[PDB]
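The data below hold one chain only, encoded as structure tokens and taken in the form deposited in one PDB entry.
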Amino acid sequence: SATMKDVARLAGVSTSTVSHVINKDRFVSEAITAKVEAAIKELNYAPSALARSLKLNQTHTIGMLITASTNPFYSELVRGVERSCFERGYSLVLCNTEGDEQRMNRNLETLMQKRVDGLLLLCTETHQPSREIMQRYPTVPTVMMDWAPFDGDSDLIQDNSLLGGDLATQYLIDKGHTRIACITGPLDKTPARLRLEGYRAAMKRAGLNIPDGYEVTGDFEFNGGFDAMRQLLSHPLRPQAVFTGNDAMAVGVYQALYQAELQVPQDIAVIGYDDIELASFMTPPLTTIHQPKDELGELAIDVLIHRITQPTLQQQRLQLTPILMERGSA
């Protein structure tokens, strides 16, 4: 392929001038410009962003780490991120940690080695990035949730899972339910833990007891919700209602109840978390805690770009407001 050097040779000029024509960053005469443009079209010049990135030390690339699965939540989140990147002139490199910590650190190292301009750290997993790696490479603008903790510098977005869990439970309490169970995510994941504590707080505040087996762990996926609900149906004291740690698990709950020939909400009332697209299409439609997903992706990018633009800003800190979407499940 033709380089700016090949262009310059044919137009009989310096590569400096070729750069200036292309970038419009320093005055070049109309004649010279025309010659260069002719040479570009003639040779069919194919610019290398790679080579530009090396010299400029910026790639217009964002790296994103997630802990993804069949949970539709992350699909909507990624959609928002990718769209926002495109609109802002950035590429998206996607990494799935898949729970594994070495995998996560290996992903991170690759991203830093490829000199991404910014980082979305949206892993849920307990682990935090090897500081060895972190402090080896130049610091980059970073956004993370309160999900994954971390010792370095980053802008922060808090999901307020605790208030969400409280709100969800409080809603069931306000509907008059007193036997309320909680299907949670893996308790080593912060959002799962916080939602459980929200549930506990609302129950305690209303003086309602939590039977021994009323808190059950699932995996934040369909199957986890299925398994957990089956277990709950074994309990001596049948729940009137269940708060599931997310919408994915609620899908599994629906399936368990279908198999047990139980109706929602007539036999059991259900409330989820996330308000994924699917929630609205469930039968009955799922009452749930709305959290930003696509919108969250867009917000995280906006934060990240603000910092790229103004590198010396103080730490940015945002919080989401959980909101209840009332439908037919509770």
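Each form is matched to the other, and the largest set of C-alpha atoms that superpose within 1.5 Å is called the rigid core. Numbers follow the displayed sequence, beginning with 1.
Of the two segments examined, 58 to 66 and 38 to 46, it is 38 to 46 that shows the higher average Cα temperature factor in the deposited entry.
Comparing the deposited coordinates for 95 to 103 and 73 to 81, the stretch with the larger average C-alpha B-factor is 95 to 103.
The residue among 244, 126, 170, 255 whose C-alpha carries the highest B-factor in the deposited model is 126.
For the set 141, 191, 236, 198, the PDB entry puts the maximum C-alpha B factor at 236. For residue 30, the recorded CA temperature factor ranks within the highest third of the chain's modelled residues. When the CA B factors of the chain's modelled residues are split into thirds, the value for residue 324 lands in the lowest one. Sorting the modelled residues of the chain by their CA temperature factor places residue 115 in the lowest third. Residue-level temperature factors show residue 211 in the middle third of its chain, judged at the C-alpha atom.
Split the chain's modelled residues into thirds by C-alpha temperature factor. Residue 9 is in the highest one.
The same protein has a further form, the form deposited in another entry, not shown here; the description that follows concerns it.
Candidate set 234, 102, 209, 259; criterion, C-alpha shift of 2 Å or more between this form and the one not shown after rigid-core fit; matching residue, 102. Once the rigid core is overlaid between this form and the one not shown, residue 33 counts among the residues whose Cα shifts by 2 Å or more.
For residue 138, the Cα coordinates differ by 2 angstroms or more between this form and the one not shown after the core has been superposed. Annotation: Cα of residue 83 displaced by at least 2 Å between this form and the one not shown, core superposition.
Whereas the shown form places them at one spacing, the Cα atoms of residue 197 and residue 101 lie at least 3 Å farther apart in the other form. In the other form, the CA atoms of residue 161 and residue 68 move farther apart by at least 3 angstroms compared with the shown structure.
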